[PDB]
Each structure stands twice: as structure tokens, then as C-alpha cells.
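Trainee: give me a model of this one.
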Amino acid sequence: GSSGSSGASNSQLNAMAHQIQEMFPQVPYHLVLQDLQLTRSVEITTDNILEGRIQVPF
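Mentor: Numbers count the residues shown, from 1 in each chain. Let me share the structure:
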């Protein structure tokens, strides 16, 4: 198994978000990502949701 051809983009975070989105769909991606770029850990990322911190009533 393999997947990759030349420098496309390679977005590991993107994945992380998705993974989270799954367990936590309520929260959007844009936000998730961002927070991800901050927390840099789906864990510390959810720690904000699980506890309820990132509140963006859109």
C-alpha cells in the first residue's frame, strides 16, 4: 500500500480535524483546524470541547 506523488500538499492536521469531526461533528472544521494549529493535538483540541470552551454560535 502507498499514497503520494510529488509534493502535493501533505496536510496531517487536516486528517486530525476529520478524526475529531467524527467524534465531534457538532464543532465545525474551520474552527477545529485553527484550534488544531494552536493546540496541535486532537486531544488538547477536544479538551476544549469536552469541557466546553470554544463557543461560537454561528
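
Trainee: does the residue nearest in space to the middle of the chain count as helix, strand or coil?
Mentor: Relative to the mean C-alpha position of the chain, the nearest C-alpha, by C-alpha atoms, centre = their mean, is the one of residue 17, at 2.2 Å. Following DSSP: H, G, I helix; E, B strand; the rest coil, we place residue 17 in the helix state.

Trainee: touching, it and residue 28? I think so.
Mentor: No - between residue 17 and residue 28 there is no contact under C-beta atoms under 8 Å: 9.5 Å. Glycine gets a C-beta too; all of them are placed from N, C-alpha and C.

Trainee: tell me who's in contact with the residue nearest to the centre of the chain.
Mentor: For residue 17, the contact set (C-beta atoms under 8 Å, 6 or more residues apart in numbering) comprises 29, 32, 33, 36.

Trainee: what's the spacing between the closest residue to the first one other than its chain neighbours and residue 26?
Mentor: Looking back up the chat, that one is residue 29. Ranked by C-beta to C-beta, 6 or more residues apart in numbering and with sequence neighbours excluded, the top spatial neighbour of residue 29 is residue 17, at 5.3 Å. With distances taken as C-beta to C-beta, to the nearest Å, residue 17 is found 13 Å from residue 26.
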